[PDB]
Structure formats: C-alpha cells, structure tokens
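Going in written order, the chains are labelled A, B, C, D, E, F and G, and every chain counts its residues from 1.
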Amino acid sequence: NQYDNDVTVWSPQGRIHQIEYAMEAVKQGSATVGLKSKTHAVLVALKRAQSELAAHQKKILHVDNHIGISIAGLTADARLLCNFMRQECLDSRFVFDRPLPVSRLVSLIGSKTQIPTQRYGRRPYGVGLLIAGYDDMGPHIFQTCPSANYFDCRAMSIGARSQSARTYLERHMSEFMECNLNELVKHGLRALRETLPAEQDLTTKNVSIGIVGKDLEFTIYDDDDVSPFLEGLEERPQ
Amino acid sequence: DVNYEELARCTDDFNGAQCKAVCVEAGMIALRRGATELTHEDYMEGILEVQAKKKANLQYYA
Amino acid sequence: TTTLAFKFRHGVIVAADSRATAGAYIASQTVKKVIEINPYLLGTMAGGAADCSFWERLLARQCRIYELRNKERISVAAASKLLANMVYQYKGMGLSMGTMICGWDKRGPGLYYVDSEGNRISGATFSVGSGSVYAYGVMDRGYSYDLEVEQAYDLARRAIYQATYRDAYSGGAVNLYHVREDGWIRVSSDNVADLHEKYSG
Amino acid sequence: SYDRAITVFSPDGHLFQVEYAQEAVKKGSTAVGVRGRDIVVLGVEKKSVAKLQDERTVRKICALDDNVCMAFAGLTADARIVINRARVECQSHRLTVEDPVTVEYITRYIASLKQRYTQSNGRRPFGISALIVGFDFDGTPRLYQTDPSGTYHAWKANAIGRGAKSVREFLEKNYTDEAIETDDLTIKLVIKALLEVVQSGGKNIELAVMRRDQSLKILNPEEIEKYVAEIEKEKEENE
Amino acid sequence: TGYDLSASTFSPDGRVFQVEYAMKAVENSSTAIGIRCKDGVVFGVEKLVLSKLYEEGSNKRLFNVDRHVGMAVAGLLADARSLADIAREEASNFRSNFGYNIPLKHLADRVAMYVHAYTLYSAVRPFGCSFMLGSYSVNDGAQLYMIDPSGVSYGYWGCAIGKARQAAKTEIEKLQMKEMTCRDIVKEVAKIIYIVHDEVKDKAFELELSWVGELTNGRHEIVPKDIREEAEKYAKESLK
Amino acid sequence: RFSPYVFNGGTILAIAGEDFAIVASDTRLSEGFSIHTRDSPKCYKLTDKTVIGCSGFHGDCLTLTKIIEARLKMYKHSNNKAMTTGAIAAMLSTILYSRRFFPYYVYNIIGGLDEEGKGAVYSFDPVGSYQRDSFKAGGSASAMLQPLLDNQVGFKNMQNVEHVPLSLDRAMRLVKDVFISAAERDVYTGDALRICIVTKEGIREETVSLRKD
Amino acid sequence: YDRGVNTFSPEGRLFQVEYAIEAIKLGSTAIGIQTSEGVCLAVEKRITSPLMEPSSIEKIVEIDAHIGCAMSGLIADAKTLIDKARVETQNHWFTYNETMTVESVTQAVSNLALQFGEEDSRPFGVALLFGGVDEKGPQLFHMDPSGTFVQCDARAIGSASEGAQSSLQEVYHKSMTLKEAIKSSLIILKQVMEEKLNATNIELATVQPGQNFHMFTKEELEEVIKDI
C-alpha cells in the first residue's frame, strides 16, 4: 500500500488510488436525484441533519438565473467550486452580455479540477455536482466526479445507496420525457423514497426540490412550498 | 416476492459465503419474530445487519 | 465652506454651514458637512467632499477595530495620527482634505487639525475653509476659556453667520454640535435666512 | 522556497511540536516572579555560572521599553529573536498612540507571533516560555506568561522551568495576604521561595525589581546576602 | 521496492516504471481505430452503453482541435481533454502568429514535447492518454499521427488503441490504403468495429465516426451517423 | 492629442414622493454637434425597487451599469436577499472612488424605495460624494431645472404659501413641464422622454415624445 | 508513515481534518441555547490553579456589537479567526452601511476553514459557536474545522458534548424564555464540571434585540448561581 500515498503515483494495475478514495467520499454523501423532461429539468435532494435540534444541512444552492447544482460529499470545496462557478458565470455575463450555455461551463470545471489531480501535494475535490440549466436547446442534466469526467445523462443519482434510485429510473426512462412538472417531481422523489429504509418517512422537513424552466426561473423550495408537492403519493408496499 | 436483485445490485465485496449467512440472521430475526415465513423486508434488513461494521451513530444527517 | 472648532471648560463646540458648490454653480444647499465617526468623535469637511467622507470613513474603520481589540475607546491624538499616516502616502496626487478631529479623551477635551499636505497641530481654536479667515476675526474677540453654554452657542453661531454673510462660498444651514464627556450631542440647525431676523436687530 | 508542513495533527488530537517542544521549557533555567501591590519582583535562578568568567552577557532579564520587563526559560537563542521583534513592535506603538505600551498588548504580540510561527510552512515552533511584567500607565501592576502554543495567561505569581510544579506548589503556602504587605517581604519572599529552588548558595540568584515609576534595577549581590541573612535568621526563629 | 513509485528514478534493469504503468493504463480502455485513404482520414471509436447511462452524444472521444485537425482519444479521459485544450491553444498560437494553418508535423511535435515534458519530474505524473491526429490539406496530403503516453509521435497509415488492440489492427492489412476512396473506408471501418469487441463482454455499444479529407473540403466534422447509415446495413449482414 | 473624455449630455430628473419615486431621463445621445441617435434611454432597472440613472460620458455609463448589476447579483448570491437602496449608495460611493486618480465623468442619480415605503433619492458626483435629497437633477440642464423644483416642491422664497405634500398626479405634470420648457432652450435635451415610476407594486414605465428638433 | 498532509482516507475523508476533530474533545465545554427572545450562552473557564487570575481568560469575545462568539479547543488558534472575522464584518459595513448578517460571517470564515497545503500548513483546531441577532431574529450557529457550517438550535461541544446534548434534548422545547434558559444551562454545567461551581468558574453571555448591551459583568452571576 506504499503506492496509495499520493496523487502522482500510478498503480502497477493502472488505477490511481486517490481518485478512487475521492469517489468513496462521493458515495458517503446523501442521496440526490436529477432528471429531465424535454421541456424542464428537476433535481431533488435529501437533507440529513446531525441531531434533532440542529437544522438539516442544505444541498441545493442557487448559482445563476438558470444554472443550479446539487451537491454531495464535502462542503467547503462545494463553496470553492461554487464561487468559481458564480465568477465564471458573471464573467461572460459581463463581457458578452448573454448568459452562458451549460455545455461550455462544465469544461471549466473539468479544466479547473484537473490540475489538482496531477501536480504534487494537491488533493482532488470531493464533489457531487448535478448541474441543471437551459441553453437554447433545452434542459441538461450533467454530473461530475473528482476524476473530472462529466456525463450528459437523462437521469442520474449520486450519494448513499443511490443505485436503488437508478434501478427505479430505468423502468421509467421511457416515460420520463413527455410529462409536465407536477408528476415529474413526484416521479423524481419516488427515487428518493427508494433511497431510504422502508420504515421511516419521507418527511416534509428534509426534502428540497429545484426546477429550471423556460418561463420559470431556477427556484429552490424548502419544506413549505414543498408541502404542496408531497401531498398525494402512493403508500410504500408491504 | 424477493428481488434477489436488491442484494445483487447492492452486493459489493460480499463473498459467496457471506450470502449464506445473510439468510441466517435474516432467518434469525424471523425466528425471534415468531414468523411463519421469511419476507424481503426481513431479507433486506439482513443485508446491512451482517455487514458492515457500525453501530457508531446516525446523526448530523438525522 | 466654513467649519470652526474651539474647546472650553465644557467640552468642544463644532459648527459648520451646509453650502457646497461646484464652480460658480451651487450643487445643493443641504450638504451635512460635520461627519459623524463614532458616538464620541466628530469630523468635518473642507475643500473636497469625497476625500473627507472617504478618509474619515476609513478612519472610523481602524477606530472600530481598535476598540474591538484593546477593549478601550481610542484616544483623539491616536485617531489624528492614524488619519495623517493614511493621508500622507498620497502626497503629490492632489488630495484636497482639510478635516478636523474632535472628541473627548482620558486627558479631557481634545481637538486636532489634519491637512492634506500633512499638517497635524493641536490647538484651542480653529477655522477651516474659504470663509475661515472671516471666522477667526469675530471668533477671537469674544473667546476666552471661561464661557457659558448659551454664550458659546451664540458665539459659535454668530461666527458662522459672519462667514456666510461676507464670503460667497458659504451659506445654507448652521449645523451646530456639542462634544461632552459622555459622547457628543447635536444642538440645533438654524437656517441663515431665519438668523438674519435674529441678529439683524 | 521551503514548502513543507512541519507541524501537523497527531491522530490522538495533539499537535506534537507545540505540546512536545515544552520539554525545552522543562530543561532550562528556572525563573519565578511575584507582583507586589506597589513594586514587582522577578528573578532567574539555576544560572549554573562558571564563577570565574563574565556575567553581563548571560543576563537574561531585559527590557522592551522601560515600562516592560522580560523573563524567560528554555533555550535563550530562540528567545533573542522574540525579544528583538517585540522591541521593534513596541517602538512603533510609541510612534502611534502616545501612551506607553500596555503589557497586555505586547503579550498579545508575542503570543500572536508565536502562534503564526507555529501555523506557517517550514518553521520549527519556538521552545520558550517567557514572562512579561510591567507596572503600566495608571500605576497598576500585572503580569502574564507566554506559551509555545501562544496562550497569554495572567498569573499572580510564577513558576516556569525546571520543577515548576515544585515552586508552583510552594506558592500556595505563600499566597497569604500578609505576603506581601511590605516590599522587603516581597523580595525576601521571592528569594525565600527560591530556597526550594536549585542550590541557592547566593551565587545563581539574580533578581530584579521595578518600583512602578523607576527603570528596572538589577540589584548587586549586596542585599541578596542580607535577605539570606534575615531569611536564615528567621528560620532560626522558626524553632 | 522503491523503484516504481517516483517517475524520475531509473530502474536497475534500465527502464522507467511509471511510464510503463502509463502505457498499460490506456490498455484497459475501449478500442478506437483510425486509417487514412489516398485523400482523407477516417476515424472510428466504439463506445460503451451498458443499460441507460448517458444521453446519445455524451463525452464524445472524438474532438476537434483545429479547423482541419481532430482527436480520437482513448485511455483515461480527463487528461485527454486537457491535451485537447492545450493542443487547441497551440493551434491558436500558430494561427495567430505565422498567418497560415498549422501543419500536422509541428502540432505533433509541440504536443508530444509536453507529453514528454510531464515525464521528467516528480512534480507531476506522466499522462495516461493516447490519441490520433487526422488532417488533410491540398499542399500537404492526409497525415495520421499517433501519440502514446511516453511521448513518441510517429506516423501510421492505420492504428488502433484500446483493449482489443491487436485483434483490431490485425485486419487493417487486408484493406488497401492506396486505391480506396474514403467513402468506402467508412463502412470498411464499421465492419470490423462491429466485428471486434464481441458482445459477451459488454451487452451493447454505440459507434462514432469522424471523417476529414478532400470530400469535406478541409473542414473536420462528424459524419451524420443517420445519413447513409452504411455501418449496420453492412454489419448485420457481416456475421455469416 | 488623444483626450480620453467627451461630453454626451442628457438630463436626469428624480423626485422622491411619500411612497413613490419618479426617475426620468431624456434619450438624445449626441457627440459634439451631431446626433447619434434619437432613442437611448438612461433609466436602468437594478432591482424591483431601485432605478438608477446615468448621464455624462456614455461608455462609463455602460461600464458602471454593468459593474453595478454584477455586484447586485453577487450580493444576492452571498446573502440571500436583495441590496437595500441605502447599501447601493455606499457601494457606488466606493466604486466611484475606486478610480479616483483617473476619474469617471458620470453624474449619477439613484431613486427607489427604502425599507419603510418612502422616497429615497440619492445623488452623486464623479469623485464619489453623496447625500440623501428630496429631488435632484444632473446632466447638462441642471441649472435649467433646480430652481423650478425649488419653486414647486421645495417652496423656497415664497410668502403665504400653504404646504401640500407632493401627490402622484402633480409630479407627472411637473416632469412633463420641466422637460418641455427645459427642452426649448437646451440643445442636449431631446425627443423621447423616458419616465420610470417606482411604487410599492413594481416598476411602471411611460414614454412621451416631445419636439423633434 | 508520515504521509502527504493533504491525503484522503481509505473510507475516505481528509486524514488531517479527521485528526483535527479529535482535538475538540480534549478542550473545555460550552453550551448554546437559542431563545425566541435572544441567545444565551455558557462556557467553563477551567481554572488550573489558585496561582492564576481567573478573569483574564477569554472564552467569549464579542465580534460586533450584535454578534457574540464562543471559542473552544486551542484558544490561540481561535484568536486569529476572531480578529479577521471582525475585519470581514467591518468591511461589510464600510462597503454596505448595514450590519453583516450572522449567517454570512461563518461563510466568510469557513471559506478559509480549509486553506492548508504547501503551495498556494495545518487546519485549524477550533470549534466555534456564533450567536447574534440579525433581522432574521436571534440566530445560533456552529462551525467546525471542516467548515461544515450548520444552524444548531441548542448546541454543545467539547468534552461534555455527548452527555450535554443527550441530557439537553430532554429539557428543551420551542417556547423557552431567557431566564428559564440561563438557569437551565448552569444545571448542566454543575453536572459536567470537576471544580465546584462558583463566581470564578463560568461566564454567561446574552444578546437580544431589546436587551442590549448587555454584555457580561460580574455580580449578575452571583445572583444567577444563588437561584439554584
């Protein structure tokens, strides 16, 4: 395990271990699910508070007038790529006087998080971004990784036991395209109710839902504008 | 009704012998439940019951 | 533009007009010149406006952090020294700043005068501005150390009245303050057009 | 240049070099010091002098301003830079706010400097403890000690160096409010406290005082022998 | 022990193990081949779809460095995008400075000296990427260069990079570079990209093809994979 | 030589009401004696409840407008709420003083509601001093506006004049009268007149043409 | 194996941050409670000997007029964050002419909770408790060495954290008043301290919209303890 030391050292198998350990830091975060229609994009997260009295630590943070990101893993690095995210938004908003499409934003995240994965004494970023926004060609749901490999998906999920969310999503990916918002969101957080053990709620105080649309600016709802969405769901089976 | 994908999807590093013991403690609580038959809600509990590690605490997140 | 400051047996009196021009044209009649720094300090304005506002505001920064460190309100001579060290580095770029620093201290009443050139002098009486030489004349005839409160108010209002009369660059209100041991207190704001009825006879 | 973190957290929570480098404090000369209500008195002991050679260059009680006295333990080499940097700091305070340097300010300077001297890259932390005693403006005397952690901490009296538990345990039998009702009781109190310290043959005991308006007075070996005389005669009266 | 960790240490038998580990890191990635005809360069990358993972057209390993030069990367992917940005910037410097379009030789040198330049220090690690470079100009002709993670850049008529590497470059000697038009060479690539990587390892896959040459008039672009759809029309008829 | 300043003109007007604030500006952007355009509005929406006007040199109006509308969204991203009208004044004082030794040539006027439903019009200068005022007027026609608003709103130099506060309808015919009668003698006051009303209920805009020469 | 100070774990997490969390456990305890009227706060000075003067020790320094603080663990690490956090509040006030909200202070500190490295040394070993009253009401906050900043309604720290939290959810509800909470803290303190509770061991700190300021003087605490 002497080649588990640094980011510089290659394995004798060809797998740089610091990236794998940072993926382990991705899996330790809570679950979150982002999924798009043809006309909208919805990303839904699940908060996980420390104790009873402490409020739940939030996940979804506002970034631009159309770009919103979820998070899992570390928090300070999420503020770091958050501040770089804002700054590269309002740079081109300051210069070109147009908003940025998403598909050229994420190359700045890859070329931003690349150099701390190669040079000596630089850790990667424990990061869990689920980017969502509009360019002119509709919605996009991306994901990142500490290895800086970004995936254009139609739906993903990252966090603790998020594979159950995927195995929910594959048998509804043929039906996640046409539908509008009110059933799209609950189609979202059904994956969250499969990320939990089946003996506790699914409460109102924890789930946060973010939507970006054409005639709808990027908006975060928090327990109380969420309370009109959680009404009318099916019971968990026996 | 048992998925068998539930484990198979969530099985990571699980040895073929551990799976033999997964049905044991799942059947052990089924024993002390006085239950007639074993169910997946009893099964899937035995997944994280045998592995891994803990107890420690659940907080910060809840 | 005429400010004046003089200390007597009970604290420090500061008075100033309100007219601030731009060339021959008058921008406004209600420029509040005597800038409040702390609840125990008072600074004024002379020459340029944005320079005195900016550098006295940046003085208030270091004074507040100083209070947050040493658990003591800052002395007046320390505030004047920090202000002079901030102003002095820009000597030769063209700052026009004729402020004054007033406040109560452990050593009692206090007054200092800070130029943009780098002057720093304590004193009994001062007057700064275009109509300042009009203010020293009437100010030095009725002044001594022993004055009453209403007497010092009437003197420090009369001198601003002669300054706004004779000079053309001074007019508007007469903003009069009062510094004491327990922190400063505003006195009044009498308009000159009302004061001409009073002191005219 | 020199990019390497010397001082990192151990897995049981400690810093090493901070909470280990106090051993250099533990293996140096001792120094005690009390504060009177009027005149303070501090003094170094265990001087281990060559007793045929020079003595003014091994003087380890010094001044920053006349308002402030020094005393320290540990290896003196690293203490010299702390003293000189403290002096350069306490002169520009005279260039600013026109009162003399309050002692709590200069102890926050040595403590803050020594903290960021632990915090930075490629820097061995200081291995000194030090005392900073001075009767301030408005005539009030007080004292502080330092720490290689950088935690200034106001005592009523001192024990740092070899056997700090011995003298620090001893001064609980001192702290009766009779001591010190007199200044000669304060000075002979310090030397009588240094009786439990190392050999105390009247040679390695170097004491210095400050009478609240005076510059600090390094006393000659003249009344130290007389305080040993009234201390030993007092112990003759003790039976 | 101790001879494999750092990059700047020779091993006693006389080779560098971090470079050798960088060579077989690309060995785990999927097969992407290339070939040139007499008037063009044809690329092809087989891409992996297990069940759902990504929308069609995600993370395309075919890039586009200059107006007339493109990539075909295989190996680790992030450092390949870093080389795409750097080679992009180098074409910007030559384009800005000397007034005419970048030849493929200078571009291969200026990139390969960087890939070599990260194998001399223990500041960085050697790269884990290998890529193709296809191009065509009428005063130049079609060139096809091949850069490995070690820094060696040279010239093929045809190459292959991936897991199935030797089996996917076995059949290229059956084809003829000199006579064939590239419009044939498109389906002549897609037949063995469909043949290599048999479907017992991964259940499904998906094909990219990128094609620069005389017919596209110097501009490099992806062929419209729907348009002429020549791949699977031959490929389902190529099993027997 | 290359003299980096040129005067464009335009005249900004602002009147603080009881629960409203009206900011209005002419649109004629002109260099020298020519006319570059007959439509170029100066009144700029910053937030829901704060509208800035910027005249003088035009490129610094564009630059300053874009820097302000950047730092607003930086404040919104940091502190989860919009900037108050009092905070924009201090930030603009720091920005306008940040380039003191190569100054802007820009006259600024900020109107908009405060926390308590009142008209808070702030004015500026290119060096960066500022004050709260009930009504101001910058640009090339300040001396053709200010004593008239003193005669109508300020009530200076009038005897036996009872005091009615400014109503919403009265201020509109004030702004129309001052831009017509001011536009008759001025040259830099032009054709289209933008009027922005800031209420508690949003932003209303109204544009009335004038004489075409 | 003195490795590479910025290296992840096999779990994984930052090794040195995880080691930094254990440094809070040997520090002295503290108690915060959010009230609808304000924020009360408690700490223990941990007098080491009767040599020492007891009132020179600071565990509460007050950042602005209206934002309190509470430090823990290594104090000399905390003083740097105190002095710079004050500068960030003043810079907010001199660009903006308004009070910096209690939330954005801890972003302005926790954005540099992680700056260690070699280029561009060790993370901080403090666990702070921020109080204060902004326009959003009386807020009570908590930051760690990891920068993971969260609101806490009634947070304990330090050595006593497990028993103080565990005993503290039993005695807390939504409509706590101030003088109820003030004597509701010292019960927990006299359970968790080793010296006898008296006028020299602890110090309280309260901050309210209408009871300000309103700091922390002696002989109030004499009346506070004698109500037991």
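Everything that follows uses one rule, which is that a residue touches a chain if its C-beta (ideal position, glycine included) is under 8 Å from a C-beta of that chain, and two chains touch if they have at least 3 such contacts.
Listed by chain with UniProt protein names: A = Proteasome subunit alpha type-1; C = Proteasome subunit beta type-5; D = Proteasome subunit alpha type-7; E = Proteasome subunit alpha type-3; F = Proteasome subunit beta type-1; G = Proteasome subunit alpha type-5.
Between subunit B and subunit F, the least number of touch steps comes to 2.
When the interfaces F-G and C-F are ranked by how many C-beta pairs touch across them, C-F comes first. When each chain is reduced to the mean of its CA atoms, the one lying nearest the mean of all protein CA atoms is G. Subunit E and subunit G have CA centres that are 57 Å apart. Taking each chain's centre as the mean of its C-alpha atoms, subunit E lies 60 Å from subunit F.
Here the CA centre of subunit B is 65 Å from the CA centre of subunit D. Averaging Cα coordinates per chain places subunit A and subunit B 29 Å apart. Touching of two or more other chains is recorded for residues 5, 49-51, 54, 57, 121 of subunit A.
Shown are all chain pairs that touch, namely A-B, A-E, A-F, A-G, C-D, C-F, C-G, D-G, F-G.
On subunit F, the positions that touch subunit C within their shared complex are 93, 96-97, 100-101, 123, 125, 127-131, 133, 136, 142-143. Interface residues of subunit F facing subunit G in the complex, by the touch rule stated above, are 78-80, 83-84, 86-87, 89-91, 94. By the touch criterion stated above, subunit A contacts subunit F in their complex at residues 62-63, 86, 90, 93-94, 97. Residues of subunit A that touch subunit G in their complex: 4-6, 18, 21-22, 24-25, 28, 49-55, 57, 74-77, 79-80, 83, 121-124, 126. Contact residues on subunit C toward subunit D in their complex (touch as defined above): 70, 74-75, 77-78, 81-82.
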